[PDB]
file data18.cif (mmCIF, C-alpha atoms)
data_my_file
#
loop_
_atom_site.label_atom_id
_atom_site.label_comp_id
_atom_site.auth_asym_id
_atom_site.auth_seq_id
_atom_site.Cartn_x
_atom_site.Cartn_y
_atom_site.Cartn_z
CA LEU A 1 -104.93 8.37 15.38
CA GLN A 2 -104.19 12.15 15.61
CA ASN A 3 -102.39 11.73 18.98
CA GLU A 4 -100.25 8.84 17.64
CA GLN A 5 -99.40 10.94 14.52
CA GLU A 6 -98.27 13.80 16.86
CA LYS A 7 -96.27 11.28 19.00
CA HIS A 8 -94.71 9.98 15.73
CA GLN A 9 -93.55 13.50 14.73
CA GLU A 10 -92.17 14.20 18.25
CA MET A 11 -90.23 10.88 18.38
CA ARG A 12 -88.94 11.48 14.81
CA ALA A 13 -87.63 14.95 15.80
CA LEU A 14 -85.92 13.39 18.89
CA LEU A 15 -84.40 10.57 16.75
CA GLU A 16 -83.02 13.10 14.21
CA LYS A 17 -81.40 15.14 17.05
CA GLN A 18 -79.69 11.99 18.41
CA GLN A 19 -78.57 11.02 14.87
CA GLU A 20 -76.90 14.50 14.60
CA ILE A 21 -75.08 14.18 18.01
CA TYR A 22 -73.90 10.51 17.76
CA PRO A 23 -71.35 10.91 14.84
CA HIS A 24 -69.73 13.88 16.68
CA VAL A 25 -69.22 11.80 19.89
CA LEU A 26 -67.63 8.99 17.78
CA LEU A 27 -65.34 11.55 16.03
CA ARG A 28 -64.15 12.90 19.45
CA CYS A 29 -63.39 9.34 20.66
CA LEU A 30 -61.52 8.61 17.37
CA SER A 31 -59.54 11.88 17.86
CA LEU A 32 -58.48 10.84 21.41
CA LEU A 33 -57.45 7.33 20.20
CA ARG A 34 -55.47 8.88 17.27
CA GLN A 35 -53.64 11.16 19.74
CA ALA A 36 -52.80 8.15 21.97
CA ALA A 37 -51.59 6.17 18.90
CA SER A 38 -49.59 8.94 17.10
CA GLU A 39 -48.25 11.23 19.89
CA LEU A 40 -47.84 8.74 22.77
CA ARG A 41 -47.16 5.27 21.23
CA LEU A 42 -45.46 5.90 17.83
CA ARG A 43 -43.46 8.96 19.04
CA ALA A 44 -43.04 9.67 22.75
CA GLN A 45 -42.91 6.03 24.02
CA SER A 46 -40.87 4.77 21.00
CA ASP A 47 -38.19 7.46 21.74
CA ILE A 48 -38.16 6.50 25.49
CA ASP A 49 -37.69 2.79 24.65
CA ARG A 50 -34.82 3.51 22.16
CA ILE A 51 -32.88 5.63 24.72
CA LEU B 1 -107.71 24.15 -5.97
CA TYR B 2 -105.52 25.21 -8.95
CA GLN B 3 -104.23 28.22 -6.91
CA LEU B 4 -103.52 25.97 -3.90
CA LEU B 5 -101.55 23.54 -6.16
CA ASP B 6 -99.64 25.84 -8.67
CA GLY B 7 -99.64 29.07 -6.57
CA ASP B 8 -100.17 32.51 -8.20
CA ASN B 9 -96.93 31.96 -10.24
CA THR B 10 -98.42 30.69 -13.52
CA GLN B 11 -100.11 33.61 -15.32
CA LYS B 12 -101.92 30.89 -17.35
CA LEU B 13 -104.62 32.87 -19.22
CA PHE B 14 -106.62 29.57 -19.32
CA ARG B 15 -106.74 26.94 -16.55
CA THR B 16 -107.57 23.43 -17.89
CA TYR B 17 -108.75 20.32 -16.04
CA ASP B 18 -105.80 18.29 -17.49
CA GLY B 19 -103.60 21.11 -16.13
CA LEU B 20 -105.27 20.71 -12.68
CA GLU B 21 -104.69 16.90 -12.67
CA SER B 22 -101.05 17.44 -13.82
CA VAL B 23 -100.29 19.91 -10.96
CA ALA B 24 -102.03 17.53 -8.48
CA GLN B 25 -99.85 14.63 -9.77
CA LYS B 26 -96.79 16.91 -9.44
CA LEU B 27 -97.51 17.66 -5.73
CA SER B 28 -97.83 13.87 -5.12
CA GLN B 29 -94.56 13.19 -7.04
CA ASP B 30 -92.73 16.04 -5.20
CA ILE B 31 -93.76 14.44 -1.82
CA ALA B 32 -92.69 10.95 -3.03
CA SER B 33 -89.36 12.30 -4.40
CA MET B 34 -88.66 14.10 -1.08
CA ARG B 35 -89.35 10.84 0.85
CA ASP B 36 -86.98 8.93 -1.50
CA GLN B 37 -84.26 11.64 -1.08
CA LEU B 38 -84.75 11.53 2.72
CA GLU B 39 -84.40 7.69 2.65
CA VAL B 40 -81.16 7.94 0.55
CA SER B 41 -79.90 10.56 3.07
CA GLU B 42 -80.73 8.10 5.93
CA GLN B 43 -78.76 5.33 4.14
CA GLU B 44 -75.73 7.66 3.58
CA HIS B 45 -75.88 8.73 7.26
CA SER B 46 -76.12 5.05 8.38
CA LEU B 47 -73.08 4.14 6.19
CA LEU B 48 -71.04 7.05 7.64
CA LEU B 49 -72.03 5.94 11.19
CA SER B 50 -71.09 2.28 10.40
CA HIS C 1 -123.66 11.22 -13.32
CA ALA C 2 -121.78 14.55 -13.65
CA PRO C 3 -119.74 14.80 -16.95
CA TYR C 4 -116.80 16.00 -14.77
CA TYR C 5 -116.85 12.85 -12.52
CA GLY C 6 -114.07 11.12 -14.55
CA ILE C 7 -111.80 14.21 -14.15
CA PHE C 8 -112.37 14.62 -10.38
CA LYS C 9 -111.80 10.84 -9.95
CA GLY C 10 -108.33 11.26 -11.59
CA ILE C 11 -107.61 14.26 -9.28
CA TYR C 12 -108.64 12.23 -6.15
CA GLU C 13 -106.42 9.28 -7.19
CA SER C 14 -103.53 11.76 -7.84
CA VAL C 15 -103.94 13.48 -4.39
CA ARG C 16 -104.67 10.04 -2.72
CA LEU C 17 -108.05 11.24 -1.37
CA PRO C 18 -110.49 8.29 -0.84
CA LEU C 19 -113.76 8.43 -2.89
CA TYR C 20 -115.91 7.94 0.28
CA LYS C 21 -114.67 11.31 1.72
CA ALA C 22 -116.65 14.52 1.76
CA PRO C 23 -115.96 16.76 -1.35
CA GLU C 24 -115.41 19.81 1.01
CA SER C 25 -112.36 17.94 2.49
CA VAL C 26 -110.37 18.25 -0.83
CA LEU C 27 -108.83 21.74 -0.38
CA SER C 28 -108.01 21.07 3.31
CA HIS C 29 -106.31 17.75 2.37
CA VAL C 30 -104.22 19.45 -0.40
CA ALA C 31 -103.24 22.24 2.07
CA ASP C 32 -102.04 19.57 4.57
CA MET C 33 -100.10 17.80 1.74
CA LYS C 34 -98.35 21.18 1.04
CA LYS C 35 -97.60 21.48 4.80
CA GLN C 36 -96.12 17.93 4.62
CA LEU C 37 -93.95 18.84 1.55
CA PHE C 38 -92.59 21.92 3.41
CA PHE C 39 -91.80 19.77 6.49
CA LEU C 40 -89.94 17.14 4.37
CA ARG C 41 -87.97 20.01 2.68
CA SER C 42 -86.92 21.39 6.09
CA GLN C 43 -86.03 17.86 7.30
CA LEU C 44 -83.89 17.08 4.19
CA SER C 45 -82.11 20.48 4.55
CA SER C 46 -81.35 19.73 8.26
CA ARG C 47 -80.07 16.23 7.51
CA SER C 48 -77.89 17.36 4.56
CA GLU C 49 -76.36 20.10 6.80
CA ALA C 50 -75.74 17.53 9.61
CA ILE C 51 -74.04 15.10 7.11
#

call {"tool": "encode", "arguments": {"input": "data18.cif", "output": "structure tokens"}}
result
Amino acid sequence: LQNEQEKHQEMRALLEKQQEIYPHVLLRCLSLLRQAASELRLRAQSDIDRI
Amino acid sequence: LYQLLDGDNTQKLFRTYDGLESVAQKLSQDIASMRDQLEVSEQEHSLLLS
Amino acid sequence: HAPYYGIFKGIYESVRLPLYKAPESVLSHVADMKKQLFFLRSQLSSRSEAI
């Protein structure tokens, strides 16, 4: 029981660390997709296709 | 037990048994309230992630 | 048969200490509940800062 309570705390601390990192990875991917959408597609490529 | 529960902070001239039960209930409620706040924080974090 | 039995019963129910436990385990159990409250406070502070 004591060992499984220690394992529980250690897994909970590892889960919380992954829950902190995961939103930041998603935000970086969203930033790269927004750059591709706004700077490349809507602007740079649109101007190329017009000319 | 009263010192463990309330700390040295209450200069209560008289410690009562009803006062001891009340501070014991308060520790139990403070733990429950911190679990409920943690669970709300998990839900908010899950909704942000979703 | 102690006149204080009804009071200590209410304290044990409040602290969630089982009535079959040793009466010397009461202060050690309350000290571990305070350790648990401090841990949950740290955890909530971490998680609120991460959010």

call {"tool": "resolve_selection", "arguments": {"input": "data18.cif", "expression": "the PyMOL selection byres ((chain B) within 9 of (chain C))", "output": "list in words"}}
result
residues 1, 4, 5, 17, 18, 20, 21, 22, 24, 25, 26, 27, 28, 30, 31, 34, 35, 37, 38, 41, 42, 44, 45 and 48 of chain B

call {"tool": "resolve_selection", "arguments": {"input": "data18.cif", "expression": "the PyMOL selection byres ((chain A) within 12 of (chain B))", "output": "ChimeraX atom specification"}}
result
/A:15-16,19-27

call {"tool": "atom_distance", "arguments": {"input": "data18.cif", "atom1": "atom CA of residue B:14", "atom2": "atom CA of residue C:32"}}
result
26.3 Å

call {"tool": "atom_distance", "arguments": {"input": "data18.cif", "atom1": "atom CA of residue C:35", "atom2": "atom CA of residue C:6"}}
result
27.4 Å

call {"tool": "decode", "arguments": {"input": "data18.cif", "residues": "stretch 5-38 of chain B", "atoms": "N, CA, C and O atoms", "output": "compact mmCIF listing (two decimals), in the first residue's frame"}}
result
# COMPACT_ATOMS: atom_id res chain seq x y z
N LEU B 5 -3.68 21.62 14.87
CA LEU B 5 -4.82 22.03 14.04
C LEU B 5 -4.91 23.55 13.79
O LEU B 5 -5.01 23.96 12.64
N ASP B 6 -4.88 24.39 14.83
CA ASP B 6 -5.09 25.86 14.73
C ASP B 6 -3.76 26.65 14.65
O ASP B 6 -3.72 27.85 14.40
N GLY B 7 -2.62 25.97 14.89
CA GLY B 7 -1.33 26.62 15.09
C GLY B 7 -1.24 27.39 16.42
O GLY B 7 -2.12 27.31 17.28
N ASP B 8 -0.18 28.18 16.58
CA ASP B 8 -0.04 29.10 17.73
C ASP B 8 -0.81 30.43 17.52
O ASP B 8 -0.74 31.32 18.36
N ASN B 9 -1.51 30.60 16.39
CA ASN B 9 -2.05 31.90 15.97
C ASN B 9 -3.19 32.40 16.84
O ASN B 9 -3.29 33.59 17.11
N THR B 10 -4.08 31.51 17.28
CA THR B 10 -5.18 31.93 18.14
C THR B 10 -4.70 31.98 19.59
O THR B 10 -4.65 30.95 20.26
N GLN B 11 -4.42 33.18 20.10
CA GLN B 11 -4.32 33.47 21.53
C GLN B 11 -5.70 33.31 22.22
O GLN B 11 -6.20 34.20 22.90
N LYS B 12 -6.36 32.17 22.02
CA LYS B 12 -7.58 31.82 22.75
C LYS B 12 -7.16 31.51 24.18
O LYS B 12 -6.51 30.51 24.44
N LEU B 13 -7.56 32.39 25.11
CA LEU B 13 -7.37 32.21 26.56
C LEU B 13 -7.93 30.87 27.05
O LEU B 13 -7.35 30.26 27.95
N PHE B 14 -9.02 30.39 26.45
CA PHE B 14 -9.65 29.11 26.76
C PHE B 14 -9.83 28.29 25.49
O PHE B 14 -10.47 28.74 24.54
N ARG B 15 -9.28 27.07 25.48
CA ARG B 15 -9.53 26.09 24.42
C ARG B 15 -10.69 25.19 24.85
O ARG B 15 -10.67 24.62 25.94
N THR B 16 -11.72 25.10 24.01
CA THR B 16 -12.90 24.25 24.22
C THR B 16 -12.84 23.00 23.35
O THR B 16 -12.19 23.01 22.30
N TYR B 17 -13.55 21.96 23.75
CA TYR B 17 -13.70 20.75 22.93
C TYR B 17 -14.51 21.00 21.65
O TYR B 17 -14.08 20.57 20.59
N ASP B 18 -15.59 21.79 21.71
CA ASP B 18 -16.32 22.21 20.50
C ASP B 18 -15.40 23.00 19.55
O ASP B 18 -15.46 22.87 18.33
N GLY B 19 -14.50 23.81 20.11
CA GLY B 19 -13.49 24.51 19.34
C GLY B 19 -12.49 23.55 18.70
O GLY B 19 -12.02 23.83 17.60
N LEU B 20 -12.15 22.44 19.35
CA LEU B 20 -11.24 21.43 18.82
C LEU B 20 -11.88 20.67 17.66
O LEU B 20 -11.26 20.52 16.61
N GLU B 21 -13.14 20.26 17.82
CA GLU B 21 -13.93 19.62 16.76
C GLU B 21 -14.13 20.55 15.56
O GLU B 21 -13.89 20.14 14.42
N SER B 22 -14.43 21.83 15.79
CA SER B 22 -14.57 22.82 14.73
C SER B 22 -13.28 22.99 13.90
O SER B 22 -13.34 23.02 12.67
N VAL B 23 -12.11 23.08 14.55
CA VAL B 23 -10.84 23.24 13.82
C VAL B 23 -10.47 21.94 13.09
O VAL B 23 -9.94 21.98 11.98
N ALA B 24 -10.80 20.77 13.66
CA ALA B 24 -10.66 19.48 12.98
C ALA B 24 -11.54 19.38 11.72
O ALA B 24 -11.06 19.00 10.65
N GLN B 25 -12.81 19.79 11.82
CA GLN B 25 -13.73 19.87 10.68
C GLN B 25 -13.21 20.83 9.61
O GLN B 25 -13.28 20.51 8.42
N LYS B 26 -12.63 21.96 10.03
CA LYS B 26 -12.05 22.95 9.12
C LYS B 26 -10.87 22.39 8.33
O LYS B 26 -10.83 22.58 7.13
N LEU B 27 -9.95 21.65 8.96
CA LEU B 27 -8.86 20.99 8.24
C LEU B 27 -9.40 20.02 7.17
O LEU B 27 -8.91 20.01 6.04
N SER B 28 -10.42 19.24 7.51
CA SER B 28 -11.07 18.30 6.60
C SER B 28 -11.76 19.02 5.43
O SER B 28 -11.60 18.62 4.27
N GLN B 29 -12.47 20.12 5.71
CA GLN B 29 -13.08 20.98 4.69
C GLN B 29 -12.05 21.69 3.81
O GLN B 29 -12.26 21.75 2.61
N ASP B 30 -10.94 22.17 4.37
CA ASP B 30 -9.87 22.82 3.61
C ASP B 30 -9.23 21.82 2.61
O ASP B 30 -8.96 22.18 1.47
N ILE B 31 -9.04 20.56 3.01
CA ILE B 31 -8.54 19.50 2.12
C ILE B 31 -9.57 19.18 1.03
O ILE B 31 -9.19 19.07 -0.14
N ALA B 32 -10.85 19.04 1.38
CA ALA B 32 -11.92 18.80 0.40
C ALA B 32 -12.03 19.96 -0.60
O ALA B 32 -11.96 19.73 -1.80
N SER B 33 -12.07 21.20 -0.11
CA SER B 33 -12.12 22.40 -0.95
C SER B 33 -10.91 22.51 -1.88
O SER B 33 -11.08 22.98 -3.00
N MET B 34 -9.71 22.13 -1.43
CA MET B 34 -8.54 22.14 -2.31
C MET B 34 -8.57 21.03 -3.35
O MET B 34 -8.08 21.25 -4.46
N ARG B 35 -9.16 19.87 -3.05
CA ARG B 35 -9.41 18.84 -4.06
C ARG B 35 -10.43 19.31 -5.10
O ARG B 35 -10.13 19.21 -6.28
N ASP B 36 -11.53 19.93 -4.68
CA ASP B 36 -12.55 20.46 -5.59
C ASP B 36 -11.97 21.57 -6.49
O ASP B 36 -12.21 21.58 -7.70
N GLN B 37 -11.17 22.48 -5.94
CA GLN B 37 -10.49 23.52 -6.74
C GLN B 37 -9.48 22.93 -7.73
O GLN B 37 -9.35 23.43 -8.84
N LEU B 38 -8.77 21.87 -7.33
CA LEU B 38 -7.85 21.18 -8.22
C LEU B 38 -8.62 20.52 -9.36
O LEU B 38 -8.22 20.69 -10.51
